Amino acid sequence: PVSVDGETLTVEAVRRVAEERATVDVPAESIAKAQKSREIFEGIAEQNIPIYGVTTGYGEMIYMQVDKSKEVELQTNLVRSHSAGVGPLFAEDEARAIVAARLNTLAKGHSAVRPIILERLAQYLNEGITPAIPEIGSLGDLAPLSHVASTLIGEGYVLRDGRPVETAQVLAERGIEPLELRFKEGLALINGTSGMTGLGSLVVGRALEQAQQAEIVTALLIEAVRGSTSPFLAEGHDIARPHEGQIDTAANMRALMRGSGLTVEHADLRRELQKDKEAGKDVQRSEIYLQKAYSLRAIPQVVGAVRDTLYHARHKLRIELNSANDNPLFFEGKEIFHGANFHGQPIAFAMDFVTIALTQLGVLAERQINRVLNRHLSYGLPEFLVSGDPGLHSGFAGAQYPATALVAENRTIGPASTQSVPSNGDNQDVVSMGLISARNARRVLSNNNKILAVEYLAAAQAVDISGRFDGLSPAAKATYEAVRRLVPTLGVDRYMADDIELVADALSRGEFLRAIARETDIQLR
Amino acid sequence: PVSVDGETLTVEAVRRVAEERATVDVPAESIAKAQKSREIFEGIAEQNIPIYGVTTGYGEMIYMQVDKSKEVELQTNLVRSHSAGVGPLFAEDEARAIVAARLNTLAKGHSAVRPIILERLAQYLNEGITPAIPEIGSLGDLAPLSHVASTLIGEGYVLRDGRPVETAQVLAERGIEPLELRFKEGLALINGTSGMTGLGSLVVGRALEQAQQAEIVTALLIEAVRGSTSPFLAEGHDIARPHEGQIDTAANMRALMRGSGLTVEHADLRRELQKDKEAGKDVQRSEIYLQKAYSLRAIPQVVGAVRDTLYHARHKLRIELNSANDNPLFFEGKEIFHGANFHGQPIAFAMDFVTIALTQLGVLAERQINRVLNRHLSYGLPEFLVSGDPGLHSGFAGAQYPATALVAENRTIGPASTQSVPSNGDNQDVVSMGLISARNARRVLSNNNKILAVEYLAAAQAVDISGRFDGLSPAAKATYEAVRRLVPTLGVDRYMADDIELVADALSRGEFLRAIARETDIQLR
Amino acid sequence: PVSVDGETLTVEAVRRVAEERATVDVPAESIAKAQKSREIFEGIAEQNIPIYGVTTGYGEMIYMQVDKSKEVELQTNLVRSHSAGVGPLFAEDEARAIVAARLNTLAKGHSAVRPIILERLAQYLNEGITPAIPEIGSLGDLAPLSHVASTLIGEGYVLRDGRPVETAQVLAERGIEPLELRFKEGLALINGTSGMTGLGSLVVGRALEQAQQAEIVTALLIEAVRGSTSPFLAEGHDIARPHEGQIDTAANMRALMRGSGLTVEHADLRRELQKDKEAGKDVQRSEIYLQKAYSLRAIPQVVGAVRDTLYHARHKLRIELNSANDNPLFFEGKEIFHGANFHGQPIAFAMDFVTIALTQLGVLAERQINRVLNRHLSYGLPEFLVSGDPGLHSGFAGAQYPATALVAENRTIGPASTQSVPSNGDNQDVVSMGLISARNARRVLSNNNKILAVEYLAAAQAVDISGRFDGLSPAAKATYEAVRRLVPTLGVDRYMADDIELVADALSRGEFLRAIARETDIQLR
Ligand SMILES: *O[C@H](C(=O)O)[C@@H](O)c1ccc(F)cc1
């Protein structure tokens, strides 16, 4: 069971809860801290003193003073009037991540919510009650979270088979009585970054796995075209250019290609080249390349930079998950804190950066595909990997286009964290648009799986056409077999879409990262 | 019935076929021209002479010479190997538009396809057989069109209830025998801009209707806040700044607000202001605004610029629809033309421009919403249009956010027509990415309907709160009633998402443009 | 003196050398290590062994083997043939930063360059000989660096009074005999990321000062409008939301406003509002805002996020500065390393992230200007800060425009790190475009100084119009005085451009940061 204590939750744990449906538990210690905060807070609210969103109107209308006799109505009107999300609904796993993020925030203890709220959110996750959350509305996450809050009071909708179903009916069925929103509970539930933080957690965790699966297919490809191992030597990174991500990619590449009979060492290349040179010629041509193109040599640098970005984002998300992103906040023995911890700028920035890094990861993958399909670059392989008669057959020629087109499409996705537009009578004059940033990243992530899908298919085909399977390392043979388990070698031309979608789906669920886990003793970073 | 002659097809007709399921007919004259082209062409191919994609490999592999004995296989292998589209499938109406565009292209007579191909495409449209076309793959439209071509030879998939169904089964059922691809027919079916041109036609036609529905709600709003009519006077446009689009918007605005008892003439404003001024004061304050903010005065200029862009795009699309966007091409008494009329640059540019214009249309609408919800700008209306007790109730405060957020999101959509990436061994070193451009435009179009939805709801609410219904013009009363038919006045706060989605859907099907048609004698440009 | 040892150079140290003309010194240990590497390397090159760029052609032409007898010409043709930079020339400080970065790289000892190369570079820096480097041409930094290398062999141009003068006469004009490039020296001088890393260091270092100067005027503004101190309370950050940047900004804000008689504590605002509410009624209006708008409240969250991005970039840059970003590389007892440490992806990403972070910093600054100029938003200030009769005078109304316009302009700047385009026969099939990223960030940084200048002038004017000078904290008074030393109070309308440029220049110089350090006991993070 995952412990939601608002203190030690990790991105990986969030994914277990969201994707693996792992059980959630709010420890007794967190419940005690919440109960104490609530009790003291109630005493303050009971005195009818000014507290944002508790005894005042919302946003710009904070100038309106509301009596404590309107407690439940104030909180209820907020949730209803703000459930104005539009567009597609988040998938079940995305919605679960968002709920889990909100639960952890409140579990931290500074939101002054009744323990029952924590218990109910925990119950929805544990019993599989998934809110229907529209993806659009947050300025960075009122709208999305208001739809979640609605399901707690028996309103709004819950997701069932990808379809929204009236919450009232679902609760009546599952035998659950809706809650009533007391002081600050409506606001606490919707005043945070849980939308972008929950979705961002899924994206970043998956992005790291995508970085690994890119390294996996890259290694197979390098072996297929017999590239040099020189670029991955530890000295060039650990010593010469110690960027953390760069060090990790190189280490993974070395581990992945360990045991290969196809890769060539620099010592062997220069020797083969020295013999091919004759001695009375000052300048002479050679068909031997002492070094390969950037797409097969600058992998540690590029994928490493992507990793560095992903590491930074995961770090920010971990901090955010275990933060009290709510307002106002309760701190014992202190005035009620009135700030802006609901502002998602830190995460909006983080996700816009992930979008950029992942776009480049796809740019690299796409150029690697170009490399093996172009006879002028493939190094001995037939044009477009045609096994039979080229021309009559196009092989993988048409399969390159969707990959190329996706690189262009990802490049049309611009940063959202800088696109703030003032609203609410200028009260919200600077916002983060962080959920848009997170959805942009999810999109590139999804597009990259299609790009990698074509690369995995091209790599396996290259192995088949060159008859180099027996020369592959243990990891490469495993990668090759994983692909071939889904899609057969390309003999004569054939409809490609189903083949590409099948491998794309495998990538999305981390099947190749699994193959290596299961088939080799390799532990990827 | 719509006449598909490759000569006079209009964007409106395309939409009738796609959306209204209007019958298609290829006139006898077009059939005769096709039959003649095919017969002469066959005689040429029969001689086994070099003809791109007929007796040669494809793209970069044009260096491969293929004997006429491989006729059917060559064309078949192309269609199969290039059916590599990925992502979501186009909706039924979008797919129909694409098919219709391809049919019109071939109907022009320079593609040298057998009349049967025209007849079959026409049959699929007339019998409701809709190809399952993945949205991603085109570099600008091989992949998408290859999936369409597949359905003609009993391969690929057809769309049924939003689900892809094996074409073979559908044809066996409907009692139809798949065709065989003869010389050049596989290539002719997929070598064009029909994907971006077909989808672009739907978008542009709808965009013009969106421009009209923006003018409709703008007029209602202007009447509700009693704005000045001065900005719309014909002299300021027809004479002073004759941009075509600007002239049309002003004319529509004048027609829409004709008969209003709420709008004020400049003569009345200056007089009311002159009386409010006293005479011994050189500088004095007044609560009277002789002119209103840009969002209620610069409508002809902004919406007019949007119209100009839409007019240009529709013109380009009309030309493209009735062009032979295929290669190579047959011209009697001439060598076979080997060019690049498959290159979608003209349309890629057009659609990127539509994306930009529509984004601004939404920017304007969103600021008009801000105008009526902000008590400092609304001109007498209650804050956020709250009918009861503000603070306790937020009214439309939360509904503004999805509109604001969509403006930011549309701004994250960048031009695709400039993002060419070389592929196919550098043979396709400069592409247009036009289908991405068209899908970008469709997205902004769709987002704008949600923005306008909030504006229509805010406008009607403003009419209710100010009690100005009886002062509304005939068109305004009609617009108001149209909205109220779907959604009730906002008394106490309530869940808003369903209300917003309902009006957004009405906008997408042109319900407000219809209300004016049906209820007034106004004929909008 | 600044020690360029390839191990401990900092971003600050780079700026001292570049901006303050600080003397550079390559430690004897570095020279010794270089010497050692050079001796061993020379022994290998003498064997006519295959080494990239030493005994082979460059880039794609690596298939060409070049005999050691062509030692000097090979290196020379390279530098000449690649000196193809275009566009404007870098400023003297920028050029110096680039040279310093390259020198530090070679000082690491793995480039196998003769010590004289290190010495001559250090001499150029110490003697004020600045290379004329055009800004465009790097794919991420061959062209920029080739222009630098040219000056070492008496070719290309040197920068004098902003104009390029032939290096030949400049060297003669000061008794320096040009050098002759030997094995690997030409390549080592131009094969790295020193262009983007040198410029990036300057930008990031100045960006941190900009964040501080943003916090400085923001604090002044908050005091001028009597804002609440609640948002900056440590507990809200150090405890509730532990983001490093957020914690730093909050700490800085508390220190900047310490001792203010104008700011209000939450407790006082709360009591003040309590006193204003009547009993009985459960909903009543008030003119008191318990909380201020976001632009005055989520400073820690927004600027903190900017800071986190800047800290990450500085970290990347420090690592890069002290790395062997060159190829091939020498490691004693190992084969010559043939990798891609010249690939600027880590820096390209970092600078693209800085561009985004700084854009939002300006967004916030501009909305703060809007707050103070708008009578409906500013607390106790006349419209547009007009001292006399408004209407007759516009005050700062016209000055808001350039700030607003710059936010829009910065938003048109897109990421460059993802815009790779393949070149050099596809050898450079995946590049970083990092120098473009670095120049993008520089542009936003520069634009922000103008936006901020308007904010500084507006803040000072607000102090004068409200007569709140005596209530200002020590830091606020110092800021006010610094502004007033440059520009006087705005009485009647006047030409504004010179005043704005004056304050903008002061900002670029870090004058306001210096005012706080020279007049107060504050130490800003
Ligand atoms: O990135 C190249 C390398 O060192 O591998 C660089 O030296 C280079 C210089 C000049 C060229 F024309 C191509 C590459």
# chains A, B, ... in the order shown; residues from 1 in each chain; ligands from 1

call {"tool": "select_by_dssp", "arguments": {"residues": "stretch 383-513 of chain B", "states": "helix (DSSP H, G or I)", "output": "PyMOL selection string"}}
result
chain B and resi 383-385+397-410+434-466+469-471+474-486+497-508+511-513

call {"tool": "residues_near_ligand", "arguments": {"ligand": "ligand 1", "cutoff": "7 Å", "atoms": "only C-alpha atoms and all ligand atoms", "output": "ChimeraX atom specification"}}
result
/C:53,58-60,78,82,142,187,191,327-328,340,342,424

call {"tool": "atom_distance", "arguments": {"atom1": "atom CA of residue C:456", "atom2": "atom CA of residue C:243"}}
result
27.6 Å

call {"tool": "atom_distance", "arguments": {"atom1": "atom CA of residue C:260", "atom2": "atom CA of residue C:471"}}
result
6.3 Å

call {"tool": "closest_residue", "arguments": {"among": "C:258, C:485, C:182, C:110", "to": "chain A", "atoms": "only C-alpha atoms"}}
result
C:110

call {"tool": "closest_atom_pairs", "arguments": {"of": "chain A", "to": "chain B", "cutoff": "6 Å", "atoms": "only C-alpha atoms", "output": "tab-separated table"}}
result
residue	atom	partner	partner_atom	distance
A:57	CA	B:391	CA	3.6
A:61	CA	B:391	CA	5.5
A:64	CA	B:391	CA	5.2
A:74	CA	B:392	CA	5.3
A:77	CA	B:493	CA	5.5
A:80	CA	B:495	CA	4.3
A:81	CA	B:494	CA	5.1
A:82	CA	B:398	CA	4.4
A:83	CA	B:495	CA	5.5
A:84	CA	B:497	CA	4.2
A:85	CA	B:497	CA	5.6
A:137	CA	B:402	CA	3.8
A:139	CA	B:405	CA	5.6
A:374	CA	B:425	CA	5.1
A:391	CA	B:57	CA	3.6
A:392	CA	B:74	CA	5.3
A:398	CA	B:82	CA	4.4
A:399	CA	B:84	CA	5.5
A:401	CA	B:137	CA	5.8
A:402	CA	B:137	CA	3.8
A:405	CA	B:139	CA	5.6
A:408	CA	B:419	CA	5.4
A:412	CA	B:414	CA	4.5
A:413	CA	B:413	CA	5.7
A:414	CA	B:412	CA	4.5
A:419	CA	B:408	CA	5.4
A:425	CA	B:374	CA	5.1
A:493	CA	B:81	CA	5.1
A:494	CA	B:80	CA	4.8
A:495	CA	B:80	CA	4.3
A:496	CA	B:84	CA	4.8
A:497	CA	B:84	CA	4.2

call {"tool": "residues_around", "arguments": {"residues": "residue C:254", "least_positions_apart": "4", "cutoff": "8 Å", "atoms": "only C-alpha atoms", "output": "number ranges by chain"}}
result
C: 229, 232-233, 250, 258

call {"tool": "write_last_selection", "arguments": {"atoms": "N, CA, C and O atoms", "output": "compact mmCIF listing (two decimals), in the first residue's frame"}}
result
# COMPACT_ATOMS: atom_id res chain seq x y z
N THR C 229 2.15 41.61 4.09
CA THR C 229 3.39 40.86 4.23
C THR C 229 3.09 39.37 4.38
O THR C 229 4.00 38.54 4.35
N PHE C 232 4.80 36.51 2.11
CA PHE C 232 6.22 36.23 2.19
C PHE C 232 6.69 35.52 3.45
O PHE C 232 7.87 35.19 3.58
N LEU C 233 5.77 35.25 4.37
CA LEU C 233 6.10 34.57 5.62
C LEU C 233 6.82 33.25 5.37
O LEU C 233 6.40 32.45 4.54
N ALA C 250 11.19 34.64 -1.37
CA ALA C 250 10.45 35.01 -0.16
C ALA C 250 11.41 35.66 0.86
O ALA C 250 11.11 36.71 1.42
N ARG C 258 11.85 44.96 5.15
CA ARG C 258 12.06 44.95 6.59
C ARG C 258 12.15 46.44 7.01
O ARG C 258 12.71 47.19 6.39

call {"tool": "closest_residue", "arguments": {"among": "C:341, C:54, C:234, C:286", "to": "residue A:247", "atoms": "only C-alpha atoms"}}
result
C:341

call {"tool": "select_by_dssp", "arguments": {"residues": "stretch 10-243 of chain C", "states": "strand (DSSP E or B)", "output": "PyMOL selection string"}}
result
chain C and resi 24-25+56+64-66+86-89+131+134-136+157-160+163-166+228

call {"tool": "residues_around", "arguments": {"residues": "residue C:45", "least_positions_apart": "3", "cutoff": "8 Å", "atoms": "only C-alpha atoms", "output": "list in words"}}
result
residues 41, 42, 48, 49, 51, 54, 55, 68 and 183 of chain C

call {"tool": "residues_around", "arguments": {"residues": "residue B:5", "least_positions_apart": "4", "cutoff": "8 Å", "atoms": "only C-alpha atoms", "output": "PyMOL selection string"}}
result
chain B and resi 9+26-27+30+104+107-108

call {"tool": "residues_around", "arguments": {"residues": "residue B:474", "least_positions_apart": "4", "cutoff": "9 Å", "atoms": "only C-alpha atoms", "output": "number ranges by chain"}}
result
B: 256-260, 478-479, 516, 519-520

call {"tool": "residues_around", "arguments": {"residues": "residue B:457", "least_positions_apart": "4", "cutoff": "10 Å", "atoms": "only C-alpha atoms", "output": "list in words"}}
result
residues 217, 369, 396, 399, 452, 453, 461, 462, 480, 483, 484, 486, 487, 488, 489, 490, 499, 500 and 503 of chain B

call {"tool": "atom_distance", "arguments": {"atom1": "atom CA of residue C:98", "atom2": "atom CA of residue C:121"}}
result
10.9 Å

call {"tool": "closest_residue", "arguments": {"among": "B:513, B:2, B:364, B:40", "to": "residue B:24", "atoms": "only C-alpha atoms"}}
result
B:2

call {"tool": "decode", "arguments": {"residues": "stretch 206-295 of chain C", "atoms": "C-alpha atoms", "output": "PDB file, in the first residue's frame"}}
result
ATOM      1  CA  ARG C 206      22.921  38.716 -15.504  1.00  0.00           C
ATOM      2  CA  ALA C 207      19.575  36.895 -15.345  1.00  0.00           C
ATOM      3  CA  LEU C 208      20.078  36.204 -11.640  1.00  0.00           C
ATOM      4  CA  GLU C 209      20.793  39.910 -11.127  1.00  0.00           C
ATOM      5  CA  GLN C 210      17.615  40.667 -13.058  1.00  0.00           C
ATOM      6  CA  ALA C 211      15.580  38.437 -10.728  1.00  0.00           C
ATOM      7  CA  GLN C 212      17.049  40.364  -7.802  1.00  0.00           C
ATOM      8  CA  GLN C 213      16.341  43.711  -9.428  1.00  0.00           C
ATOM      9  CA  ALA C 214      12.799  42.502 -10.136  1.00  0.00           C
ATOM     10  CA  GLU C 215      12.399  41.612  -6.459  1.00  0.00           C
ATOM     11  CA  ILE C 216      13.795  45.050  -5.526  1.00  0.00           C
ATOM     12  CA  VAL C 217      11.276  47.130  -7.488  1.00  0.00           C
ATOM     13  CA  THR C 218       8.517  44.692  -6.557  1.00  0.00           C
ATOM     14  CA  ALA C 219       9.218  45.297  -2.857  1.00  0.00           C
ATOM     15  CA  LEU C 220       9.169  49.071  -3.410  1.00  0.00           C
ATOM     16  CA  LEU C 221       5.854  48.785  -5.249  1.00  0.00           C
ATOM     17  CA  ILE C 222       4.337  46.606  -2.522  1.00  0.00           C
ATOM     18  CA  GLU C 223       5.281  49.230   0.060  1.00  0.00           C
ATOM     19  CA  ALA C 224       4.025  52.049  -2.141  1.00  0.00           C
ATOM     20  CA  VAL C 225       0.615  50.398  -2.388  1.00  0.00           C
ATOM     21  CA  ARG C 226       0.577  49.226   1.245  1.00  0.00           C
ATOM     22  CA  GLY C 227       0.506  45.521   0.415  1.00  0.00           C
ATOM     23  CA  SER C 228       0.318  42.667   2.915  1.00  0.00           C
ATOM     24  CA  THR C 229       3.393  40.859   4.226  1.00  0.00           C
ATOM     25  CA  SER C 230       1.452  37.610   4.715  1.00  0.00           C
ATOM     26  CA  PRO C 231       2.522  36.158   1.301  1.00  0.00           C
ATOM     27  CA  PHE C 232       6.222  36.233   2.195  1.00  0.00           C
ATOM     28  CA  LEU C 233       6.101  34.571   5.616  1.00  0.00           C
ATOM     29  CA  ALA C 234       8.779  31.889   5.863  1.00  0.00           C
ATOM     30  CA  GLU C 235       6.392  29.177   7.043  1.00  0.00           C
ATOM     31  CA  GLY C 236       4.525  29.390   3.744  1.00  0.00           C
ATOM     32  CA  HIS C 237       7.672  28.432   1.856  1.00  0.00           C
ATOM     33  CA  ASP C 238      10.436  26.980   4.057  1.00  0.00           C
ATOM     34  CA  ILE C 239       7.749  24.703   5.491  1.00  0.00           C
ATOM     35  CA  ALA C 240       4.707  24.444   3.207  1.00  0.00           C
ATOM     36  CA  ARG C 241       6.330  24.557  -0.238  1.00  0.00           C
ATOM     37  CA  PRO C 242      10.145  23.909  -0.083  1.00  0.00           C
ATOM     38  CA  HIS C 243      11.095  24.958  -3.637  1.00  0.00           C
ATOM     39  CA  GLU C 244      14.592  26.489  -3.366  1.00  0.00           C
ATOM     40  CA  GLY C 245      13.915  29.476  -5.616  1.00  0.00           C
ATOM     41  CA  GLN C 246      10.604  30.201  -3.888  1.00  0.00           C
ATOM     42  CA  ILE C 247      12.319  30.093  -0.497  1.00  0.00           C
ATOM     43  CA  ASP C 248      15.016  32.485  -1.760  1.00  0.00           C
ATOM     44  CA  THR C 249      12.633  35.032  -3.285  1.00  0.00           C
ATOM     45  CA  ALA C 250      10.453  35.013  -0.160  1.00  0.00           C
ATOM     46  CA  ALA C 251      13.543  35.526   2.016  1.00  0.00           C
ATOM     47  CA  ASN C 252      14.655  38.373  -0.255  1.00  0.00           C
ATOM     48  CA  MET C 253      11.218  39.998  -0.191  1.00  0.00           C
ATOM     49  CA  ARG C 254      11.077  39.910   3.617  1.00  0.00           C
ATOM     50  CA  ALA C 255      14.541  41.483   3.813  1.00  0.00           C
ATOM     51  CA  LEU C 256      13.795  44.181   1.234  1.00  0.00           C
ATOM     52  CA  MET C 257      10.640  45.361   3.034  1.00  0.00           C
ATOM     53  CA  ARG C 258      12.063  44.952   6.592  1.00  0.00           C
ATOM     54  CA  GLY C 259      11.500  48.179   8.526  1.00  0.00           C
ATOM     55  CA  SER C 260       8.704  49.478   6.302  1.00  0.00           C
ATOM     56  CA  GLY C 261       6.007  51.632   7.861  1.00  0.00           C
ATOM     57  CA  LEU C 262       3.724  51.246   4.860  1.00  0.00           C
ATOM     58  CA  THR C 263       3.305  47.463   4.576  1.00  0.00           C
ATOM     59  CA  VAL C 264       0.497  45.874   6.574  1.00  0.00           C
ATOM     60  CA  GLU C 265       0.559  42.692   8.643  1.00  0.00           C
ATOM     61  CA  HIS C 266      -2.221  40.178   8.133  1.00  0.00           C
ATOM     62  CA  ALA C 267      -3.320  40.546  11.763  1.00  0.00           C
ATOM     63  CA  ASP C 268      -3.942  44.259  11.241  1.00  0.00           C
ATOM     64  CA  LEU C 269      -5.773  43.770   7.941  1.00  0.00           C
ATOM     65  CA  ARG C 270      -7.933  41.111   9.598  1.00  0.00           C
ATOM     66  CA  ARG C 271      -8.829  43.358  12.552  1.00  0.00           C
ATOM     67  CA  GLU C 272      -9.383  46.344  10.268  1.00  0.00           C
ATOM     68  CA  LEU C 273     -11.879  44.272   8.264  1.00  0.00           C
ATOM     69  CA  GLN C 274     -13.482  42.856  11.418  1.00  0.00           C
ATOM     70  CA  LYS C 275     -14.052  46.425  12.567  1.00  0.00           C
ATOM     71  CA  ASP C 276     -15.673  47.248   9.214  1.00  0.00           C
ATOM     72  CA  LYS C 277     -18.274  44.454   9.274  1.00  0.00           C
ATOM     73  CA  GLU C 278     -21.697  44.980  10.854  1.00  0.00           C
ATOM     74  CA  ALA C 279     -23.587  42.314  12.801  1.00  0.00           C
ATOM     75  CA  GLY C 280     -26.762  40.611  11.623  1.00  0.00           C
ATOM     76  CA  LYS C 281     -26.236  40.572   7.857  1.00  0.00           C
ATOM     77  CA  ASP C 282     -24.654  37.370   6.551  1.00  0.00           C
ATOM     78  CA  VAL C 283     -23.333  39.016   3.367  1.00  0.00           C
ATOM     79  CA  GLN C 284     -21.934  42.553   3.233  1.00  0.00           C
ATOM     80  CA  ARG C 285     -19.622  44.572   0.977  1.00  0.00           C
ATOM     81  CA  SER C 286     -16.304  46.084   2.045  1.00  0.00           C
ATOM     82  CA  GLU C 287     -13.615  48.189   0.374  1.00  0.00           C
ATOM     83  CA  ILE C 288     -10.872  46.261   2.175  1.00  0.00           C
ATOM     84  CA  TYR C 289      -9.034  43.455   0.362  1.00  0.00           C
ATOM     85  CA  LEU C 290      -7.684  40.889   2.837  1.00  0.00           C
ATOM     86  CA  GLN C 291      -5.409  39.697   0.009  1.00  0.00           C
ATOM     87  CA  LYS C 292      -3.863  41.535  -2.926  1.00  0.00           C
ATOM     88  CA  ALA C 293      -3.872  40.392  -6.570  1.00  0.00           C
ATOM     89  CA  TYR C 294      -1.516  37.643  -7.753  1.00  0.00           C
ATOM     90  CA  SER C 295       1.043  40.110  -9.165  1.00  0.00           C
TER      91      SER C 295
END
